[PDB]
Structures are given as C-alpha cells and as structure tokens.
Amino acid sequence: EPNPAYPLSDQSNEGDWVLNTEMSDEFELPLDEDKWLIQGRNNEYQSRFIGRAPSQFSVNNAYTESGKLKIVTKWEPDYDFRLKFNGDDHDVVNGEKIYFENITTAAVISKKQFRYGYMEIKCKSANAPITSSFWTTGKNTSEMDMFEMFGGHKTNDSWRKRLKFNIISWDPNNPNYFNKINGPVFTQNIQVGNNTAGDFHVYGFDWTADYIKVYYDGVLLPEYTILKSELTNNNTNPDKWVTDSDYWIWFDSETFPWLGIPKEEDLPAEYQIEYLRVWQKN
C-alpha cells in the first residue's frame, strides 16, 4: 500500500513534502464549514458565482458521505433558483439567454489560500453530462483549472477520459486578461487511459514558480508539463506566466450548456472526492 504521507508520485519524498493541513482534507468527517465554503452558505458566494446556467449551486448538494466529499448534480425543477448578482435570471452565452432551471449542482471552496504545492486529488467524476472540476482562483489575479472533467459525455468518448486544463488571467492589467482575450492564457486536454467516471483515480498537480506537472495514478504525464521558460519564451513574454498567485481551491460541477445538458434520467450524479492532499516544501 502507498504511504499517504507523500504524493503517490513521490513516495521516496524527493520533494521534502509537508502536508498543508488547512488546505487538505480526507473527508472522513462531516464537512468542516470553517475550512470549506459550501457555495451559497449564508448567502456567501465566492466570486459572486451562483452557478453556470441552467444549473445553480445548491447548499444541499455538497456534503461528505462514505469518506468522500460529494458534489451532487440533481434534477430539481422546483428548486428556488435565484437571480445572479447583476439581477439577471439567465446567463448570456454566444448571444443566447440561458435561463436557470431544472438542475442543481454545488461548489466547495477552501476558506484558506496557499501558493505553490503538490495538489493530489483522488476522485471519480460525475457520470452525467455535467462537469466535475478541480480548480483555483485568486482575487483579480488568475485561475488554474487543474481539471474540468465531463464524465458522462454522451457522444464524445475522448471527453470521458479528459481533464481539460486551463490557466486564466483575471488581471485587467495583463494583456492575457480573460475579458480582453475572451479565453485562457493556456489550455490543454489532458487525456488519461480510463474513464474519469468509471472509478476513483489519483490526480496530481505539482505547482511551482517555474513549472506545473501532471501525474496520473502516481505516474508523471510528461506530455502535459508546463514550463515558465516556454510559456514566457525565456522571460520575454512574462505576462504569460500568471500562476504566481495565492489560490483558493474549488471543487464543483456545472452545466456547460453547449457541451451537453443532462437528462432527468441521468441524475442524480455524484462527483466524489475521496481526499485532497496539498503538500508544500518543508
């Protein structure tokens, strides 16, 4: 059996790793809401993000069970869907009003932040046309989407094995700012050999000032390594490196309406997180 004190990919502890306890959770107890924000709890919304239409985050769809954090996607047409903070009952996406209806998901966000570390999540994505995501934000700095999975994609088997990885700039001073370029600074489709919804797997993201590396079930996936020297072209384009920020960690599920929408028969579905281990260098 592997030693849980160290990253599955670094069992000899070459990294001299120490668990960051305020960012980590084995989810063996009821969810600690002094450690984790259930999005919407007491009307608190990280990033003022109530959900991606048609879905909305529900405080009842996040809880621990059987040793796992559960992010639950439900068909709940009678849910009391709220307005966005801007007053709208819809998102506007590619010219279309997409109304909030039918589906509730959840988002769980760390109440603490950290900068740099080995992030290891053991999880099974929701088996429906819904995302299961593991990501970060910092306040008007940037966002790393370690993965967006879509475990129950009905028509694209590649998506069933995909971790969509993104880096997004939230800094209006940055030429790669999301509301300037309307897209990520960097994106790649991490493809693993097994359906993300089929079983639990261990995903590792080693985040440093100079690189980000991806690990699957303890093994480096070198095809997906991100180097600061490459993204910035040897520091000639430094604004392309935006991940030197303190981050909150998010787990959530969302409808991506243009990718797919679940049927009632697909639901409920669960994005199950057996644990999150975040280590930092001693």
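Residue numbers run from 1 along the displayed sequence.
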Entry-level comparison of average CA B-factors, 47 to 55 and 29 to 37, reporting the higher stretch | 29 to 37
Quick one: higher average CA temperature factor, 149 to 157 or 115 to 123?
-> 149 to 157
Among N61, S66, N237, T225 - the residue whose C-alpha B-factor is largest in the record = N237
Among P77, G204, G138, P129, highest Cα B-factor in the entry goes to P77
Lowest, middle or highest third of the chain for the C-alpha temperature factor of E143?
-> lowest
In terms of the chain's CA B-factor thirds, is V18 lowest, middle or highest?
-> highest
Ranked by Cα temperature factor within the chain, is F165 in the lowest third, the middle third or the highest third?
-> lowest
Where the record places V185 (Cα B-factor, split into thirds across the chain) | middle
Mind checking which third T104 falls in for C-alpha B-factor across the chain?
-> lowest
